[PDB]
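To begin, one chain is listed below as structure tokens, in the form deposited in one PDB entry.
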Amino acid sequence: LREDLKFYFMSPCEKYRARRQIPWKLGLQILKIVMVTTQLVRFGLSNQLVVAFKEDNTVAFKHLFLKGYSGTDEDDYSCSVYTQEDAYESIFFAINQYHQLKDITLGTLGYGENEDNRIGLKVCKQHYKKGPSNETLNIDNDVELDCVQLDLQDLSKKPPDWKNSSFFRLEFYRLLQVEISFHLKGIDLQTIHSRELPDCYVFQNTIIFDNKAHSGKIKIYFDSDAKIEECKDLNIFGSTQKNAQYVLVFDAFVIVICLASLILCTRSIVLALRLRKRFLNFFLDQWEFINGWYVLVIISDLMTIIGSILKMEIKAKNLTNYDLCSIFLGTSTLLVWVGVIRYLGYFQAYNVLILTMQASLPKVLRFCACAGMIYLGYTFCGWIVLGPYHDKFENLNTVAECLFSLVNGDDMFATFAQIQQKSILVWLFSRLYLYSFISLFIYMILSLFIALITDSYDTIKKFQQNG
């Protein structure tokens, strides 16, 4: 029983000296790291190409349909117009470029059927109801909705009477929004060199001329949603795509091995907890017989299993919404590579470092509460005071990120210089605030982490040497 406990608590390098104790339970993990990492790598390299094609097409559409687009968006919208004539020019430019698409596009593009199954362009208006521009406003608080369909045989009639229509009498003082929507077909023909059957895309596009604010500016949003659809009629010679089976079977293998690892870890947690029960019953050492790394391994395997299920679901139904699956697979890989530290601890001279890391969290995290109370106080004060006058302090989230950057010393001179001296009182308070915060956190609080970590090191070092 003493030998049993010694065996249960030792390492595999020492356990191997038993005449039948081969380390296959470790071999499974050594397989698992490689299999999971290669699954992640192949998934990422596949995902990247689809993302690149979709975003390249989005940029090309922005250049084609937005007048005067400079190639870079504003903070959340592609471009803006401040003049009543510029809005008309942009609105008509988008329609005229849609009309001429076949003669100006460099891609494999074509027209797609719309919601009415027509090939055509739909544009809609939203005006506050009940038509001077002030002093007597007779508005009535709800929205008129108007829409019109512009088809190719309309937008082409040599005399484009559609510009002269009564629809486009916009009355910008009532106007909330103008929306232009259309469908396009594309092909990622780049893939043809592999002799795989090229896949089509269907792009659903909307251009939003948005002025909910009524603050003298119209914001132009461009949004593009792509579906894979199905090659309608591509007579391109070559072969179809079936590699999908090689993805599905590999995901099945990954799921199987992760389940096997989870079974092994749960079994090990059971046997050892029983041994503790045996130890408790034996005679009138620590209560925690469970190896902590098994919890991490179990979590890793569960997340890998569910993430692989999501990936198989996405591929089977031919989706491109990779957010949640990417999160599960990435976090699982993170925990798997963290779990490798379990095997460095056996070799000595890493052990004191690992023990220092493990022993330092219970005090670093306790320091973070005392520091966080002050950090929250400065977050609220900075947001309320410097917010109207400083780009970094616009909202509590950005204030928190800015202060966290300042604690680590990043981008500090710009933080001082970015606030204008329009109000001397607020500027003086800004200097007081910034000097106080930076001094308090960099020269004292940040160094207390150094103090704590250094002193936690010496205890473990002196414990290890004293024994």
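Numbers for residues come from their place in the sequence shown, where the first is 1. Here, rigid core means the biggest group of C-alpha atoms that superpose within 1.5 Å across both forms.
Same protein, other form: the form deposited in another entry, not shown, and the subject of what follows.
Core-based superposition between this form and the one not shown shows that, of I384, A260, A252, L353, only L353 has its Cα displaced by 2 Å or more. Core-aligned CA deviation for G372 between this form and the one not shown: less than 2 Å. Relative to the superposed rigid core, the position of the CA of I442 differs between this form and the one not shown by 2 Å or more. Core-superposed comparison between this form and the one not shown: the Cα of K157 travels less than 2 Å.
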